[PDB]
$ cat model.txt   # compact mmCIF, C-alpha atoms and all ligand atoms
# COMPACT_ATOMS: atom_id res chain seq x y z
CA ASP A 4 76.49 16.49 -15.94
CA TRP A 5 73.87 16.33 -13.12
CA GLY A 6 70.91 18.37 -11.82
CA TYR A 7 67.43 18.26 -10.31
CA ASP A 8 65.35 18.14 -13.52
CA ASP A 9 64.01 15.21 -15.57
CA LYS A 10 67.00 14.06 -17.61
CA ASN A 11 69.75 14.72 -15.02
CA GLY A 12 67.91 14.27 -11.66
CA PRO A 13 68.15 12.16 -8.43
CA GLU A 14 66.84 9.02 -10.21
CA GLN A 15 69.41 9.42 -13.00
CA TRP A 16 72.39 10.07 -10.65
CA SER A 17 73.30 6.35 -10.26
CA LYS A 18 74.23 6.17 -14.00
CA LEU A 19 77.31 8.37 -13.50
CA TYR A 20 77.61 7.89 -9.69
CA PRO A 21 76.95 4.22 -8.62
CA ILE A 22 77.44 5.16 -4.94
CA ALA A 23 73.89 6.70 -5.15
CA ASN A 24 72.57 3.17 -4.53
CA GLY A 25 75.05 2.82 -1.60
CA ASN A 26 74.60 1.84 2.06
CA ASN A 27 75.29 5.25 3.63
CA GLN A 28 73.23 7.58 1.42
CA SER A 29 71.66 10.82 2.64
CA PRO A 30 69.12 12.25 3.29
CA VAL A 31 67.00 9.86 5.34
CA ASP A 32 63.65 9.72 7.11
CA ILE A 33 64.27 9.99 10.83
CA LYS A 34 61.73 7.75 12.59
CA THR A 35 61.63 8.89 16.23
CA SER A 36 60.30 5.52 17.49
CA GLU A 37 63.37 3.84 15.91
CA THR A 38 66.14 6.23 17.12
CA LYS A 39 68.53 4.99 19.83
CA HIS A 40 69.30 7.45 22.62
CA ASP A 41 73.04 7.60 23.11
CA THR A 42 74.39 8.81 26.43
CA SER A 43 77.99 9.26 25.13
CA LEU A 44 76.93 12.09 22.73
CA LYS A 45 78.38 15.35 24.04
CA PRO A 46 76.71 18.74 23.37
CA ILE A 47 77.35 20.42 20.01
CA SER A 48 79.89 23.19 20.37
CA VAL A 49 80.09 25.67 17.49
CA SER A 50 82.50 28.58 17.57
CA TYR A 51 82.59 30.59 14.35
CA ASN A 52 84.51 33.79 13.65
CA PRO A 53 82.46 36.33 11.56
CA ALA A 54 85.70 37.40 9.74
CA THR A 55 86.00 33.92 8.08
CA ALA A 56 82.95 34.65 5.85
CA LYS A 57 84.36 35.00 2.32
CA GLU A 58 82.16 34.77 -0.70
CA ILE A 59 78.69 33.93 -2.02
CA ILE A 60 78.38 32.04 -5.29
CA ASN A 61 75.63 30.95 -7.68
CA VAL A 62 76.59 27.31 -8.48
CA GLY A 63 73.75 26.67 -10.94
CA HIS A 64 71.76 24.16 -8.84
CA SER A 65 72.06 26.25 -5.66
CA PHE A 66 74.10 29.00 -3.99
CA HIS A 67 76.95 28.65 -1.48
CA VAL A 68 78.37 30.92 1.19
CA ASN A 69 81.98 29.87 1.50
CA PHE A 70 84.32 30.56 4.39
CA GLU A 71 88.08 30.92 4.67
CA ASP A 72 89.22 27.51 5.94
CA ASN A 73 93.00 27.97 6.35
CA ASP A 74 92.93 27.86 10.18
CA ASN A 75 90.78 27.00 13.19
CA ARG A 76 89.05 30.37 13.67
CA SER A 77 85.65 28.73 12.87
CA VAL A 78 85.14 25.24 14.32
CA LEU A 79 82.62 22.53 15.29
CA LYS A 80 83.35 20.36 18.39
CA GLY A 81 81.43 17.94 20.70
CA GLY A 82 78.52 15.79 19.54
CA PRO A 83 79.80 12.37 18.33
CA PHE A 84 83.26 13.86 17.56
CA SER A 85 86.71 13.68 19.14
CA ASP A 86 88.17 15.63 16.20
CA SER A 87 87.68 19.37 15.76
CA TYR A 88 86.01 20.23 12.42
CA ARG A 89 86.60 23.35 10.42
CA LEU A 90 83.75 25.38 8.87
CA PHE A 91 83.94 25.86 5.12
CA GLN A 92 80.40 26.55 3.87
CA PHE A 93 76.70 26.90 4.31
CA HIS A 94 73.83 26.58 1.81
CA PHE A 95 70.12 25.69 1.58
CA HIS A 96 67.88 23.24 -0.19
CA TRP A 97 64.29 24.03 -1.10
CA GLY A 98 61.38 22.61 -3.13
CA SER A 99 58.90 23.53 -5.92
CA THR A 100 56.16 24.27 -3.35
CA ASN A 101 55.98 25.10 0.39
CA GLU A 102 54.73 21.45 0.93
CA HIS A 103 58.25 20.03 0.50
CA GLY A 104 61.83 21.24 0.09
CA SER A 105 63.75 19.83 3.04
CA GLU A 106 66.06 16.91 2.42
CA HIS A 107 65.74 15.09 5.71
CA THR A 108 62.19 14.20 6.90
CA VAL A 109 61.11 13.46 10.49
CA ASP A 110 58.48 10.69 10.83
CA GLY A 111 57.47 11.24 7.18
CA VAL A 112 57.01 15.00 7.67
CA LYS A 113 58.49 17.17 4.87
CA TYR A 114 59.64 20.68 5.74
CA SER A 115 59.86 23.66 3.37
CA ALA A 116 63.61 24.03 3.32
CA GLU A 117 66.83 22.82 5.00
CA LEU A 118 69.97 24.73 6.14
CA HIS A 119 73.30 22.80 5.83
CA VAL A 120 76.41 24.05 7.64
CA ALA A 121 79.38 21.98 6.43
CA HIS A 122 82.73 21.40 8.07
CA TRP A 123 85.80 19.26 7.31
CA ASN A 124 88.08 17.20 9.56
CA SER A 125 91.24 19.34 9.97
CA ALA A 126 92.61 17.30 12.91
CA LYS A 127 93.00 14.30 10.60
CA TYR A 128 93.31 15.86 7.12
CA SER A 129 95.19 18.73 5.51
CA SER A 130 92.51 19.97 3.10
CA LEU A 131 88.84 19.82 2.12
CA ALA A 132 89.78 17.96 -1.10
CA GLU A 133 91.52 15.26 0.97
CA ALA A 134 88.74 15.18 3.62
CA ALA A 135 85.84 15.18 1.12
CA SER A 136 85.94 11.45 0.35
CA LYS A 137 86.94 10.05 3.79
CA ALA A 138 84.48 8.22 6.08
CA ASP A 139 85.22 10.75 8.87
CA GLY A 140 86.07 13.67 6.59
CA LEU A 141 82.85 15.74 6.79
CA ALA A 142 80.43 17.06 9.43
CA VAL A 143 77.21 18.80 8.35
CA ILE A 144 74.64 20.42 10.68
CA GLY A 145 71.21 20.09 9.05
CA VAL A 146 68.42 22.45 10.22
CA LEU A 147 64.79 21.94 9.16
CA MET A 148 63.09 25.12 8.03
CA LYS A 149 59.41 25.44 8.76
CA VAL A 150 57.29 27.84 6.69
CA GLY A 151 55.74 30.62 8.81
CA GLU A 152 57.09 33.91 10.10
CA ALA A 153 59.84 35.75 8.20
CA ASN A 154 63.24 34.94 9.69
CA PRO A 155 65.17 38.21 10.19
CA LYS A 156 68.50 36.29 10.53
CA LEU A 157 68.14 35.14 6.89
CA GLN A 158 68.24 38.80 5.76
CA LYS A 159 71.91 39.41 4.90
CA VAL A 160 71.93 36.13 2.94
CA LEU A 161 68.72 37.07 1.07
CA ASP A 162 69.93 40.62 0.40
CA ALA A 163 73.14 39.30 -1.22
CA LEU A 164 71.32 37.17 -3.81
CA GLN A 165 70.57 40.15 -6.13
CA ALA A 166 74.34 40.35 -6.82
CA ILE A 167 74.56 36.67 -7.90
CA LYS A 168 71.29 36.18 -9.82
CA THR A 169 72.76 34.06 -12.64
CA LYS A 170 75.01 30.96 -12.81
CA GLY A 171 78.71 31.44 -12.03
CA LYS A 172 78.22 34.92 -10.56
CA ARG A 173 79.99 35.49 -7.26
CA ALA A 174 80.49 38.28 -4.79
CA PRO A 175 82.24 38.98 -1.50
CA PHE A 176 80.17 38.02 1.57
CA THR A 177 81.95 39.01 4.72
CA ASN A 178 81.52 39.52 8.49
CA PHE A 179 78.82 36.88 9.08
CA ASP A 180 78.56 34.27 11.84
CA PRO A 181 76.31 31.42 10.58
CA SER A 182 75.66 30.16 14.16
CA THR A 183 73.07 33.04 14.19
CA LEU A 184 70.94 30.88 11.85
CA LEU A 185 71.02 27.86 14.21
CA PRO A 186 68.02 26.96 16.46
CA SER A 187 68.29 27.96 20.17
CA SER A 188 68.30 24.27 21.28
CA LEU A 189 71.09 22.17 19.78
CA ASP A 190 69.45 18.77 20.64
CA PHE A 191 70.20 16.51 17.71
CA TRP A 192 70.04 13.28 15.76
CA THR A 193 73.24 11.84 14.31
CA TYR A 194 73.92 9.16 11.70
CA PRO A 195 76.64 8.20 9.17
CA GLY A 196 75.71 9.39 5.71
CA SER A 197 76.64 11.11 2.47
CA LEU A 198 76.76 14.30 0.46
CA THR A 199 73.20 14.68 -0.75
CA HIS A 200 74.21 15.40 -4.40
CA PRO A 201 77.06 14.26 -6.73
CA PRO A 202 79.72 13.20 -6.02
CA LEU A 203 77.62 11.63 -3.19
CA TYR A 204 80.64 10.55 -1.13
CA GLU A 205 79.87 8.64 2.06
CA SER A 206 81.97 10.99 4.16
CA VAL A 207 79.36 12.85 6.20
CA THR A 208 78.53 12.56 9.87
CA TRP A 209 75.10 14.25 9.92
CA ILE A 210 73.94 16.36 12.86
CA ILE A 211 70.17 17.02 12.41
CA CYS A 212 68.70 19.56 14.82
CA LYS A 213 65.46 18.57 16.58
CA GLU A 214 64.30 22.18 16.65
CA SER A 215 63.32 23.94 13.42
CA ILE A 216 63.87 27.50 12.26
CA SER A 217 61.32 29.72 10.54
CA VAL A 218 61.22 30.91 6.91
CA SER A 219 58.37 32.92 5.26
CA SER A 220 56.69 31.85 2.00
CA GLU A 221 58.19 35.04 0.45
CA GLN A 222 61.74 34.27 1.71
CA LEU A 223 61.36 30.88 -0.01
CA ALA A 224 60.29 32.66 -3.21
CA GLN A 225 63.62 34.59 -3.15
CA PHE A 226 65.55 31.26 -3.20
CA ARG A 227 63.40 30.09 -6.15
CA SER A 228 64.01 33.51 -7.87
CA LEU A 229 67.71 32.63 -8.30
CA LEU A 230 68.45 31.59 -11.87
CA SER A 231 70.21 28.42 -13.07
CA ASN A 232 71.13 29.91 -16.48
CA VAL A 233 74.10 32.15 -17.34
CA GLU A 234 73.62 35.91 -17.82
CA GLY A 235 71.99 36.77 -21.17
CA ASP A 236 70.12 33.46 -21.58
CA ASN A 237 66.44 32.58 -21.13
CA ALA A 238 65.67 32.92 -17.40
CA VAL A 239 65.37 29.45 -15.74
CA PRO A 240 64.44 29.68 -11.99
CA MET A 241 66.04 27.28 -9.47
CA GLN A 242 62.65 25.86 -8.46
CA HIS A 243 63.95 22.91 -6.34
CA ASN A 244 67.21 21.27 -5.20
CA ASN A 245 66.19 18.61 -2.61
CA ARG A 246 67.06 14.89 -2.90
CA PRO A 247 64.46 12.22 -1.98
CA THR A 248 65.15 10.39 1.29
CA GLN A 249 67.20 7.18 0.96
CA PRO A 250 67.06 3.64 2.52
CA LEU A 251 68.66 3.46 5.97
CA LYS A 252 70.17 0.01 5.17
CA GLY A 253 70.77 -1.08 8.76
CA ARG A 254 72.21 2.24 9.99
CA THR A 255 70.90 3.52 13.31
CA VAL A 256 70.03 7.15 13.99
CA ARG A 257 71.26 8.22 17.40
CA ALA A 258 69.47 10.86 19.49
CA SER A 259 71.26 13.15 21.98
CA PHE A 260 68.02 13.77 23.89
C1 LIG A 301 82.61 18.14 -0.30
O1 LIG A 301 81.72 18.78 -1.22
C2 LIG A 301 81.97 18.64 -2.55
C3 LIG A 301 83.14 18.13 -3.10
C4 LIG A 301 83.31 18.14 -4.48
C5 LIG A 301 82.32 18.65 -5.31
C6 LIG A 301 81.14 19.13 -4.77
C7 LIG A 301 80.95 19.12 -3.39
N1 LIG A 301 79.75 19.57 -2.76
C8 LIG A 301 79.03 20.71 -3.03
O2 LIG A 301 79.15 21.38 -4.05
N2 LIG A 301 78.17 21.03 -2.01
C9 LIG A 301 78.11 20.45 -0.73
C10 LIG A 301 77.00 19.72 -0.33
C11 LIG A 301 76.92 19.26 0.98
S1 LIG A 301 75.46 18.43 1.54
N3 LIG A 301 74.19 18.94 0.69
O3 LIG A 301 75.62 17.03 1.24
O4 LIG A 301 75.27 18.82 2.89
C12 LIG A 301 77.93 19.52 1.89
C13 LIG A 301 79.05 20.23 1.49
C14 LIG A 301 79.15 20.69 0.18
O5 LIG A 301 80.08 21.64 -0.13
ZN ZN A 302 73.20 20.44 1.32

$ encode --input "model.txt" --output "structure tokens" --more "lines below"
Ligand SMILES: COc1ccccc1NC(=O)Nc1cc(S(N)(=O)=O)ccc1O
Ligand SMILES: [Zn+2]
Amino acid sequence: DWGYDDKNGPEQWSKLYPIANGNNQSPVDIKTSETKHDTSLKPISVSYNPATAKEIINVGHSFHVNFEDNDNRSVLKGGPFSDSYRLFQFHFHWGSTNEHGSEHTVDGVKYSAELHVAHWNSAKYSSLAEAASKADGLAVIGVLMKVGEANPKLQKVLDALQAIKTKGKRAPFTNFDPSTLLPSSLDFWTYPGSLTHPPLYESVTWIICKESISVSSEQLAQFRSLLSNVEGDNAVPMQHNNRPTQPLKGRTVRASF
């Protein structure tokens, strides 16, 4: 059993998951002076079908918005990829205070939250479960969220949280295109990395947007208002779910810009 508290947190994870001290761990600090511009990086092409939106679920440490992933209605293309990747999910990470909460940092700068839009390699693999542990199995768009103005595009997501307040609760969440949450510029960093929580597989090609999106201090409070406990128990708010940045270990972060 793992979490983000004292006993079961990021510093304890290695005890059950030795890959935590691996060579391709995420998130990282992106140092802009150390990034290598790569001229082969194509533009990011996302093409998502609103009808693939399926369900929202309170997973105890976080919440997920899952998508139907049986066909190629919702796909990521371009960037560092030859393979088309299929959308299956988006979720957020946040912190105890506005001062932190993002997973990735840029030149030491911590943002207030981070949006992850995750995809799996359906050109190569037959399922998420197969893809999940493969070097080229996963592609995740990471978007830094900067505290400021309320983000109207977050609304439907925020409004759905009242129906999944406690652990294990789930509800339909339909007719939503998560490319509406993405920044208007898709300029990006890319590097080979991992899932940022157990099982911490080194299967993720990260796409980190240069441009941030907004979130208000109140919108952040709604995330932290979600409960980690099951219905009927003592209310335990999901205060934070961000992993500390990890050693780059010789990896190079490429820039598309
Ligand atoms: C393949 O995923 C998984 C496979 C098996 C068990 C848990 C997860 N993972 C999860 O519950 N969240 C999750 C986390 C990220 S992340 N934060 O690294 O971008 C990306 C996609 C994910 O679905
Ligand atoms: Zn994530």

$ atom_distance --input "model.txt" --atom1 "CA of residue 8 (chain A)" --atom2 "CA of residue 64 (chain A)"
10.0 Å

$ residues_near_ligand --input "model.txt" --ligand "ligand ZN 302 (chain A)" --cutoff "9 Å" --atoms "all atoms listed in the file" --output "list in words"
residues 93, 94, 95, 96, 106, 117, 118, 119, 120, 121, 143, 145, 198, 199, 200, 244 and 245 of chain A

$ write_last_selection --input "model.txt" --atoms "C-alpha atoms" --output "tab-separated table (two decimals), keeping the file's coordinate frame"
chain	number	residue	atom	x	y	z
A	93	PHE	CA	76.70	26.90	4.31
A	94	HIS	CA	73.83	26.58	1.81
A	95	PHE	CA	70.12	25.69	1.58
A	96	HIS	CA	67.88	23.24	-0.19
A	106	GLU	CA	66.06	16.91	2.42
A	117	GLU	CA	66.83	22.82	5.00
A	118	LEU	CA	69.97	24.73	6.14
A	119	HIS	CA	73.30	22.80	5.83
A	120	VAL	CA	76.41	24.05	7.64
A	121	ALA	CA	79.38	21.98	6.43
A	143	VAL	CA	77.21	18.80	8.35
A	145	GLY	CA	71.21	20.09	9.05
A	198	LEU	CA	76.76	14.30	0.46
A	199	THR	CA	73.20	14.68	-0.75
A	200	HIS	CA	74.21	15.40	-4.40
A	244	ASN	CA	67.21	21.27	-5.20
A	245	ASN	CA	66.19	18.61	-2.61

$ atom_distance --input "model.txt" --atom1 "CA of residue 252 (chain A)" --atom2 "CA of residue 127 (chain A)"
27.5 Å

$ atom_distance --input "model.txt" --atom1 "CA of residue 179 (chain A)" --atom2 "CA of residue 239 (chain A)"
29.2 Å

$ closest_residue --input "model.txt" --among "A:9, A:180, A:110, A:205" --to "residue 134 (chain A)" --atoms "all atoms listed in the file"
A:205

$ closest_residue --input "model.txt" --among "A:58, A:133, A:37, A:32" --to "ligand LIG 301 (chain A)" --atoms "all atoms listed in the file"
A:133

$ closest_residue --input "model.txt" --among "A:44, A:78, A:60, A:203" --to "ligand LIG 301 (chain A)" --atoms "all atoms listed in the file"
A:203

$ closest_residue --input "model.txt" --among "A:67, A:156, A:243, A:227" --to "ligand LIG 301 (chain A)" --atoms "only C-alpha atoms and all ligand atoms"
A:67

$ residues_around --input "model.txt" --residues "residue 176 (chain A)" --least-positions-apart "6" --cutoff "12 Å" --atoms "only C-alpha atoms" --output "PyMOL selection string"
chain A and resi 53-60+67-71+92-93+159-164+166-167

$ closest_residue --input "model.txt" --among "A:210, A:251, A:109, A:238" --to "ligand LIG 301 (chain A)" --atoms "all atoms listed in the file"
A:210

$ closest_residue --input "model.txt" --among "A:84, A:191, A:260, A:204" --to "residue 136 (chain A)" --atoms "all atoms listed in the file"
A:204

$ residues_around --input "model.txt" --residues "residue 22 (chain A)" --least-positions-apart "4" --cutoff "10 Å" --atoms "only C-alpha atoms" --output "count of residues only"
12

$ residues_near_point --input "model.txt" --point "(73.8, 22.5, 18.1)" --cutoff "10 Å" --atoms "all atoms listed in the file" --output "PyMOL selection string"
chain A and resi 46-49+79-82+144-146+182+185-191+210-214

$ write_last_selection --input "model.txt" --atoms "C-alpha atoms" --output "PDB file, keeping the file's coordinate frame"
ATOM      1  CA  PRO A  46      76.710  18.740  23.370  1.00  0.00           C
ATOM      2  CA  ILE A  47      77.350  20.420  20.010  1.00  0.00           C
ATOM      3  CA  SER A  48      79.890  23.190  20.370  1.00  0.00           C
ATOM      4  CA  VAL A  49      80.090  25.670  17.490  1.00  0.00           C
ATOM      5  CA  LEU A  79      82.620  22.530  15.290  1.00  0.00           C
ATOM      6  CA  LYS A  80      83.350  20.360  18.390  1.00  0.00           C
ATOM      7  CA  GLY A  81      81.430  17.940  20.700  1.00  0.00           C
ATOM      8  CA  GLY A  82      78.520  15.790  19.540  1.00  0.00           C
ATOM      9  CA  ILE A 144      74.640  20.420  10.680  1.00  0.00           C
ATOM     10  CA  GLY A 145      71.210  20.090   9.050  1.00  0.00           C
ATOM     11  CA  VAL A 146      68.420  22.450  10.220  1.00  0.00           C
ATOM     12  CA  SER A 182      75.660  30.160  14.160  1.00  0.00           C
ATOM     13  CA  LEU A 185      71.020  27.860  14.210  1.00  0.00           C
ATOM     14  CA  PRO A 186      68.020  26.960  16.460  1.00  0.00           C
ATOM     15  CA  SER A 187      68.290  27.960  20.170  1.00  0.00           C
ATOM     16  CA  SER A 188      68.300  24.270  21.280  1.00  0.00           C
ATOM     17  CA  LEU A 189      71.090  22.170  19.780  1.00  0.00           C
ATOM     18  CA  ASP A 190      69.450  18.770  20.640  1.00  0.00           C
ATOM     19  CA  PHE A 191      70.200  16.510  17.710  1.00  0.00           C
ATOM     20  CA  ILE A 210      73.940  16.360  12.860  1.00  0.00           C
ATOM     21  CA  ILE A 211      70.170  17.020  12.410  1.00  0.00           C
ATOM     22  CA  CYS A 212      68.700  19.560  14.820  1.00  0.00           C
ATOM     23  CA  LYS A 213      65.460  18.570  16.580  1.00  0.00           C
ATOM     24  CA  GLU A 214      64.300  22.180  16.650  1.00  0.00           C
TER      25      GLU A 214
END

$ residues_near_point --input "model.txt" --point "(79.3, 7.7, 27.5)" --cutoff "12 Å" --atoms "all atoms listed in the file" --output "list in words"
residues 40, 41, 42, 43, 44, 45, 82, 83 and 259 of chain A
